[PDB]
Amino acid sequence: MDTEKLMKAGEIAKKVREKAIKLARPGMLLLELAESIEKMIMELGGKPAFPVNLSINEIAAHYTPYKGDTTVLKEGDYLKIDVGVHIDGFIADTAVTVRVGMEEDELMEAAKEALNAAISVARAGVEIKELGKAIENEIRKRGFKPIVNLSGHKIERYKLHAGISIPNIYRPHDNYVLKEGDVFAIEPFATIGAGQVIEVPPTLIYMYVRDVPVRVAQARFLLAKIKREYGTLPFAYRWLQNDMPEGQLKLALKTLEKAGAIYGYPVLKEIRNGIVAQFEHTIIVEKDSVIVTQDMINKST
């Protein structure tokens, strides 16, 4: 059922996340890491909810390797491993920051404790603004800044971002009350920069939006492909690299973007190039003591 499938996605996400952390050592090629992770997900009976994100230092999110990517992990690098798994549409979304070859530092602890404080107050009947306050307080109290344009989000079947979000700053009108059964991802983002991310090249992730008319055949068929293979879930440029020539692929995606058929999600980096840390868990809201699907499994595997 619902809960069962969700917890199952959570269990897989957890195993996959731990393995990634163990593989995230100096010299490790990002492409190999992303591949191993997505492979483990399928062999465990699940499917990726989106391409595994591996964002380093000032890159906050939306970075997933591509065939030919020579990028490798370096000691001291602040690697954000964001993995998502779904079972029949029920999504588990989790993330961690690892400082390659080193222990967690103050900045990383800020994001992790912000997440703990948010889960501590997150329960049925509480307004979202309360989580934002708790998150903002932990980050600023420790001397860092929260990212104002990246945060948590409601999750629904086959819908990574259901609409309602969980800010990392307190907003007086976030009066939305968490209901039992609600599925939310809480993602505190802390930085030493300004506290805002900007889009920058290249675009490695895309998502299907609408079924608009496309005159260009190659683009029109790429859309029909995307629509049925990925549906409403994010996909990686990497996942399509062996389908058609790089050149043609790049132009077909661009056409779909301008046509408004799909949305491109380029790399997000801190505006002042500030190091970014992130931690995330998916939880099921319940009358007090919410369940953390990506913790130790406590609902219905």
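The term rigid core refers to the most C-alpha atoms you can superpose between the two forms while keeping them within 1.5 Å. Throughout, we count residues from 1 along the sequence that is shown.
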property	result
Between 158 to 166 and 209 to 217, the one whose CA atoms sit farther away in 4 other deposited structures of this protein (rigid core aligned)	209 to 217
Higher-deviation stretch (C-alpha RMS, rigid core fit) in 4 other deposited structures of this protein, choosing from 284 to 292 and 17 to 25	284 to 292
6 to 14 set against 283 to 291, stretch whose average Cα temperature factor tops the other in the entry	283 to 291
Average Cα temperature factor in the PDB entry - higher stretch of 227 to 235, 206 to 214	206 to 214
Given 274, 266, 65, 260, the residue at which the Cα B factor reaches its maximum	260
Of the residues 197, 162, 186, 222, the one carrying the largest Cα B-factor as recorded	162
Residue 90, C-alpha B-factor rank within chain (lowest, middle or highest third)	middle
Third of the chain's Cα B-factor distribution that residue 38 belongs to, per the entry	middle
Position of residue 151 among the chain's modelled residues by C-alpha B-factor, lowest, middle or highest third	middle
CA B-factor placement of residue 80, once the chain's modelled residues are sorted into thirds	lowest
Chain-relative CA temperature factor third for residue 29	middle
